[PDB]
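A.B. asks: Quick one: the structure is below, questions incoming.
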Amino acid sequence: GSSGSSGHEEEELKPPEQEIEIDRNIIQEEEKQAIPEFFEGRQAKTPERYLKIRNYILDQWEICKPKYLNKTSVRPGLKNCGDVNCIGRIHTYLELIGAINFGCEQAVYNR
C-alpha cells in the first residue's frame, strides 16, 4: 500500500527575481501565458478588455510606488470592465512577474 498526507508547498506559484518590463500597447506571449483566458476565444472574455484593466493597474502601481498598491484600490475603479474574478487575475499576475509591486513584503507570492 501507500500513503501521502504531505503538502504545505508552493502552488504552481513563484516569486519574481527582477522587475521586468511591460507594454500597455503591446501584448507579448509573456502576458498571454498568464492571461490566456482572455485570449481563449470566448464571447465574454476579450483581449481588448484585458488591456483596459491592465493599463489601469500598471498606471496606479506607479501612482503609488514605490509604495505598495492594493487591488482594493482598483477593484471599484474598474468594476465596470469585467468582474472581480478577472481583476484579481491581472493584478496578481503582474505582481508575480514583478511588473508591479516589485520586491515588497506586501506581495501575494511572499505570503
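Here, A, B, ... name the chains of the C-alpha cells in the order displayed, residue numbers run from 1 inside each chain, and ligands are numbered from 1 in the same displayed order.
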List the spatial neighbours of residue 31 (chain A) as a PyMOL selection string - criterion: any atom at most 10 Å away, only C-alpha atoms, same-chain residues fewer than 6 positions off excluded.

C.D. replies: chain A and resi 22-23+90+93-94+97

A.B. asks: Tell me, as number ranges by chain, which residues lie within 9 Å of residue 108 (chain A), counting only C-alpha atoms; anything in the same chain fewer than 3 positions away does not count.

C.D. replies: A: 15, 92, 95-96, 105, 111

A.B. asks: Convert the current residue selection to file output with N, CA and C atoms, as a compact mmCIF listing (two decimals), in the first residue's frame.

C.D. replies:
# COMPACT_ATOMS: atom_id res chain seq x y z
N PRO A 15 7.84 33.53 -6.81
CA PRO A 15 8.16 34.95 -6.71
C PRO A 15 9.12 35.41 -7.80
N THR A 92 -2.82 40.25 -9.79
CA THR A 92 -1.94 39.22 -9.25
C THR A 92 -0.78 38.94 -10.20
N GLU A 95 1.81 41.18 -10.55
CA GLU A 95 2.53 41.25 -9.28
C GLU A 95 3.51 40.09 -9.16
N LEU A 96 3.16 38.95 -9.75
CA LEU A 96 4.01 37.77 -9.70
C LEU A 96 5.23 37.94 -10.60
N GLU A 105 7.25 43.14 0.90
CA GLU A 105 6.70 42.18 1.84
C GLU A 105 5.18 42.13 1.75
N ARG A 111 3.82 35.90 0.87
CA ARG A 111 2.89 35.45 1.89
C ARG A 111 2.98 33.93 2.07

A.B. asks: For each of A:13, A:107, A:51, A:78, take the minimum atom-to-atom distance to residue 35 (chain A), counting only C-alpha atoms, then give the residue where this is smallest.

C.D. replies: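 Looking only at the distances to residue 35 (chain A), the closest residue turns out to be A:51.
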
A.B. asks: Just the residues within 10 Å of residue 24 (chain A), please, counting only C-alpha atoms, with nothing from its chain fewer than 3 positions along; format it as an NGL selection string.

C.D. replies: :A and (27 or 51-52 or 54-56 or 58-59)

A.B. asks: Measuring atom to atom with only C-alpha atoms, identify which of A:67, A:88, A:102, A:82 is nearest to residue 47 (chain A).

C.D. replies: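 Checking each of A:67, A:88, A:102, A:82 against residue 47 (chain A), counting only C-alpha atoms, the winner is A:82.
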
A.B. asks: Between CA of residue 64 (chain A) and CA of residue 50 (chain A), measure the distance and give it in Å to one decimal.

C.D. replies: 21.6 Å

A.B. asks: DSSP says alpha helix (DSSP H) for which residues of chain A? Put them as a ChimeraX atom specification?

C.D. replies: /A:29-32,47-64,84-97

A.B. asks: Would you save the residues from that selection as a short mmCIF file (atom, residue, chain, number, x, y, z; two decimals), in the first residue's frame, using N, CA, C and O atoms?

C.D. replies:
data_model
loop_
_atom_site.label_atom_id
_atom_site.label_comp_id
_atom_site.auth_asym_id
_atom_site.auth_seq_id
_atom_site.Cartn_x
_atom_site.Cartn_y
_atom_site.Cartn_z
N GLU A 29 3.63 37.30 -25.56
CA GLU A 29 3.29 35.97 -25.06
C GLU A 29 3.44 35.90 -23.55
O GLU A 29 2.70 35.18 -22.87
N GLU A 30 4.41 36.65 -23.02
CA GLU A 30 4.66 36.66 -21.58
C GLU A 30 3.36 36.86 -20.81
O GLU A 30 3.10 36.17 -19.83
N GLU A 31 2.55 37.82 -21.25
CA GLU A 31 1.28 38.11 -20.60
C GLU A 31 0.21 37.09 -21.00
O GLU A 31 -0.63 36.70 -20.19
N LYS A 32 0.26 36.67 -22.26
CA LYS A 32 -0.70 35.70 -22.78
C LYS A 32 -0.57 34.37 -22.05
O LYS A 32 -1.55 33.62 -21.92
N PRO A 47 -9.61 40.15 -25.60
CA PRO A 47 -8.24 40.65 -25.46
C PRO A 47 -8.19 42.17 -25.33
O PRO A 47 -7.25 42.72 -24.77
N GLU A 48 -9.22 42.84 -25.84
CA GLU A 48 -9.30 44.29 -25.78
C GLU A 48 -9.68 44.76 -24.38
O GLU A 48 -9.30 45.85 -23.95
N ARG A 49 -10.43 43.93 -23.67
CA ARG A 49 -10.87 44.26 -22.32
C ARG A 49 -9.74 44.03 -21.31
O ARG A 49 -9.61 44.78 -20.34
N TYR A 50 -8.93 43.01 -21.56
CA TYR A 50 -7.82 42.69 -20.67
C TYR A 50 -6.83 43.85 -20.60
O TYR A 50 -6.20 44.08 -19.56
N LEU A 51 -6.70 44.58 -21.70
CA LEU A 51 -5.80 45.72 -21.76
C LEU A 51 -6.31 46.88 -20.91
O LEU A 51 -5.60 47.40 -20.05
N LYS A 52 -7.56 47.27 -21.16
CA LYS A 52 -8.18 48.37 -20.42
C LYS A 52 -7.90 48.24 -18.92
O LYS A 52 -7.43 49.18 -18.28
N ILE A 53 -8.19 47.06 -18.37
CA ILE A 53 -7.97 46.81 -16.95
C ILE A 53 -6.49 46.93 -16.60
O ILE A 53 -6.12 47.67 -15.69
N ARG A 54 -5.65 46.20 -17.32
CA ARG A 54 -4.21 46.22 -17.08
C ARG A 54 -3.70 47.66 -17.02
O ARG A 54 -3.22 48.11 -15.98
N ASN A 55 -3.80 48.37 -18.14
CA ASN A 55 -3.34 49.75 -18.21
C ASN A 55 -3.62 50.49 -16.91
O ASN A 55 -2.76 51.17 -16.37
N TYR A 56 -4.84 50.34 -16.40
CA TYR A 56 -5.24 50.99 -15.16
C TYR A 56 -4.32 50.59 -14.02
O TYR A 56 -3.73 51.44 -13.35
N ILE A 57 -4.19 49.29 -13.79
CA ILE A 57 -3.34 48.77 -12.73
C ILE A 57 -1.90 49.26 -12.89
O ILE A 57 -1.36 49.91 -12.00
N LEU A 58 -1.30 48.94 -14.03
CA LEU A 58 0.07 49.35 -14.31
C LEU A 58 0.26 50.84 -14.04
O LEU A 58 1.33 51.27 -13.61
N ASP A 59 -0.78 51.62 -14.30
CA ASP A 59 -0.73 53.06 -14.08
C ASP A 59 -0.76 53.39 -12.59
O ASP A 59 0.09 54.12 -12.09
N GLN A 60 -1.74 52.84 -11.89
CA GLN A 60 -1.88 53.07 -10.46
C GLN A 60 -0.61 52.66 -9.71
O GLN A 60 -0.13 53.39 -8.84
N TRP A 61 -0.08 51.50 -10.06
CA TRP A 61 1.13 50.99 -9.43
C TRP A 61 2.15 52.11 -9.23
O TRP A 61 2.61 52.35 -8.11
N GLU A 62 2.50 52.79 -10.32
CA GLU A 62 3.46 53.88 -10.26
C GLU A 62 2.89 55.08 -9.51
O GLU A 62 3.62 55.80 -8.83
N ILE A 63 1.58 55.27 -9.63
CA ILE A 63 0.91 56.38 -8.96
C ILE A 63 1.10 56.30 -7.45
O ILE A 63 0.99 57.31 -6.75
N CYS A 64 1.39 55.10 -6.95
CA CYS A 64 1.60 54.90 -5.52
C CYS A 64 3.06 54.57 -5.23
O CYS A 64 3.59 54.95 -4.19
N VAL A 84 -14.63 40.88 -10.63
CA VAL A 84 -13.59 40.71 -9.63
C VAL A 84 -12.69 39.52 -9.96
O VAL A 84 -11.47 39.61 -9.86
N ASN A 85 -13.31 38.42 -10.35
CA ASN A 85 -12.57 37.21 -10.70
C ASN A 85 -11.47 37.52 -11.70
O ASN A 85 -10.39 36.92 -11.65
N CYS A 86 -11.74 38.45 -12.61
CA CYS A 86 -10.77 38.84 -13.62
C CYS A 86 -9.76 39.83 -13.06
O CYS A 86 -8.55 39.63 -13.17
N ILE A 87 -10.26 40.89 -12.44
CA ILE A 87 -9.40 41.91 -11.86
C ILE A 87 -8.24 41.29 -11.09
O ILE A 87 -7.09 41.68 -11.25
N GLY A 88 -8.56 40.30 -10.25
CA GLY A 88 -7.54 39.63 -9.47
C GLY A 88 -6.51 38.93 -10.34
O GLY A 88 -5.31 38.98 -10.06
N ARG A 89 -6.98 38.27 -11.40
CA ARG A 89 -6.10 37.56 -12.31
C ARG A 89 -5.01 38.48 -12.85
O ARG A 89 -3.82 38.18 -12.72
N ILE A 90 -5.42 39.59 -13.44
CA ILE A 90 -4.47 40.55 -14.00
C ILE A 90 -3.55 41.11 -12.91
O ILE A 90 -2.34 40.92 -12.96
N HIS A 91 -4.14 41.79 -11.94
CA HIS A 91 -3.38 42.37 -10.84
C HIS A 91 -2.34 41.38 -10.31
O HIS A 91 -1.14 41.62 -10.38
N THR A 92 -2.82 40.25 -9.79
CA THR A 92 -1.94 39.22 -9.25
C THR A 92 -0.78 38.94 -10.20
O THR A 92 0.37 39.26 -9.90
N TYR A 93 -1.09 38.35 -11.35
CA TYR A 93 -0.07 38.02 -12.34
C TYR A 93 1.00 39.11 -12.39
O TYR A 93 2.16 38.88 -12.03
N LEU A 94 0.61 40.29 -12.85
CA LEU A 94 1.54 41.42 -12.95
C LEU A 94 2.40 41.53 -11.70
O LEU A 94 3.56 41.92 -11.76
N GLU A 95 1.81 41.18 -10.55
CA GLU A 95 2.53 41.25 -9.28
C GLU A 95 3.51 40.09 -9.16
O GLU A 95 4.57 40.22 -8.53
N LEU A 96 3.16 38.95 -9.75
CA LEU A 96 4.01 37.77 -9.70
C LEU A 96 5.23 37.94 -10.60
O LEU A 96 6.31 37.43 -10.30
N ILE A 97 5.05 38.65 -11.71
CA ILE A 97 6.13 38.89 -12.65
C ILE A 97 7.02 40.04 -12.19
O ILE A 97 8.15 40.18 -12.65
#

A.B. asks: Provide the CA of residue 81 (chain A) to CA of residue 99 (chain A) distance in Å, to one decimal place.

C.D. replies: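 Going from CA of residue 81 (chain A) over to CA of residue 99 (chain A) covers 21.1 Å.
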
A.B. asks: To one decimal place in Å, what is the distance between CA of residue 101 (chain A) and CA of residue 65 (chain A)?

C.D. replies: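 Taking CA of residue 101 (chain A) and CA of residue 65 (chain A), their separation equals 7.5 Å.
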
A.B. asks: With distances taken over only C-alpha atoms, which of A:8, A:14, A:38, A:19 is nearest to residue 98 (chain A)?

C.D. replies: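 Checking each candidate against residue 98 (chain A), we get A:19 as the closest.
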